[PDB]
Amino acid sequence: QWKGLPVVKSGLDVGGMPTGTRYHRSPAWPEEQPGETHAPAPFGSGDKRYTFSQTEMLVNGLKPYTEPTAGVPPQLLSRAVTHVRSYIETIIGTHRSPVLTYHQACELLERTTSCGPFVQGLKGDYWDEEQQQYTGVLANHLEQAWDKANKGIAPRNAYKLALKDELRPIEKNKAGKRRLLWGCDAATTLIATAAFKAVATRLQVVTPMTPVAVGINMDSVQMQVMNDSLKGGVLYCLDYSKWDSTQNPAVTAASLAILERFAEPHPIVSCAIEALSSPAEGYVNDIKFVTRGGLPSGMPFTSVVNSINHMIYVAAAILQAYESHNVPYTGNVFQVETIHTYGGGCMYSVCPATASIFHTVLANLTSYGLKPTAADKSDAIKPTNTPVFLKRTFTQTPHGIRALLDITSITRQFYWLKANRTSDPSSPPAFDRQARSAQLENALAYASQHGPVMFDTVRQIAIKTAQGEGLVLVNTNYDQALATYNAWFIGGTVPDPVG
């Protein structure tokens, strides 16, 4: 059952996973529309849809984390790291950011999201609003971990395990796949937050100048800069498979070491590294699962850390194809090549030199343990002229270049609502009519950018939904959709010189 997995008695009992899904078929769309390719992930017992045990998916999801991936040989890994290090040195400076205050890290914790495996409930449950600080059990828990970290004792890299309840593509549901959610211990998140938050900030402020695109505003001149940067290279757009489960511990350890060089030395930094770089321990019920490979989605700064991992990987891959054709590589990989990454989602715009051997770059990449494909699950990965990133398709429009949100991602928001957990996606959903309205006004503003043929498809669907759900929409008017989108845009720029 749990046997043949690095499983052990945790000495606690954390409780089972939630049953059901928060997803309801809409009141206006009781029956599966043709073209719908997504449906809630499999939720165990109670969907007459498939016969899966929840705990089955868990263990299945967990198999990758059960042993390590090949990684990158330590000598090559080290060269790669100097490319990743020197490059970002040059855009965020050699400055070392001072660590955060206990109160400072605290108010940055996401209040809507679990305290992890040592304290039940969400973080928000223990926040005193009048005092503007955490209180009670959770407070005690943080204080002590904070205390031990100042003494150079690291916190435990522990997670409350669960499955993401979300919309997934149908084939993947049929297959019995579902994604893992690693709810990290509030203490560890705090320690990590205090250490790297200033570094992460600098990287985000500068996006997309650094291959670490986290927090990129896809609906601003930020996107235009990104698009612009692909000019005069061979474009490859990728979306690796199961990225997080394919990460190598020694690479994550390198990334953390890089993040570390931009933070000023402090016990808190040391424990942040010690913690996030040792094996993950996911709890469920009375047992824990100690990972032997992989990065848990839901570790602090997983997106930032993932992207630096990605830089490392791709730099190593390029440095290795040049070596086995006995050509030297002249300068910085991120100067010569142009890279944009967000976790396993990326765009590589490489120089003719590189592009010519791009075949062994992939061979090197897969050999490390990664699975590259082919955004547009395009079954075979080629150069392209159509940039695709974070489910957007860069497109010229009457307003200039826009990142078009994948139409399925848009339309699906009309057929399903996120609401109250239940075993019956066909039951009446309890929902906030005010908020649903806004949600769909957003969707329309987004569809507007697709041009009036595909917008009409959406308006049609929208009008019908608005009726069925008893909502009045505005952006159901095409001129309306455009202007709201545009205000978002203008929007994501700060004008006249500030000082």
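Each residue number is its position in the shown sequence, starting from 1.
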field: Stretch exceeding the other in mean C-alpha B-factor - 145-153, 196-204
entry: 145-153
- line: As the entry reports it, the stretch among 57-65 and 31-39 with higher mean C-alpha B factor is 31-39
- prompt: Quick one: which of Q75, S97, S220, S423 has the biggest Cα B-factor according to the entry?
  reply: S423
message: Split into thirds by Cα B-factor across the chain's modelled residues, where does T291 land: lowest, middle or highest?
response: middle
statement: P211: CA temperature factor from the record, placed by chain third, in the lowest
- prompt: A316's Cα B-factor: lowest, middle or highest third of the chain?
  reply: lowest
query: Compared with the other modelled residues in the chain, in which third is the CA B-factor of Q120?
result: middle
- line: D239: CA B-factor among chain residues, third -> middle
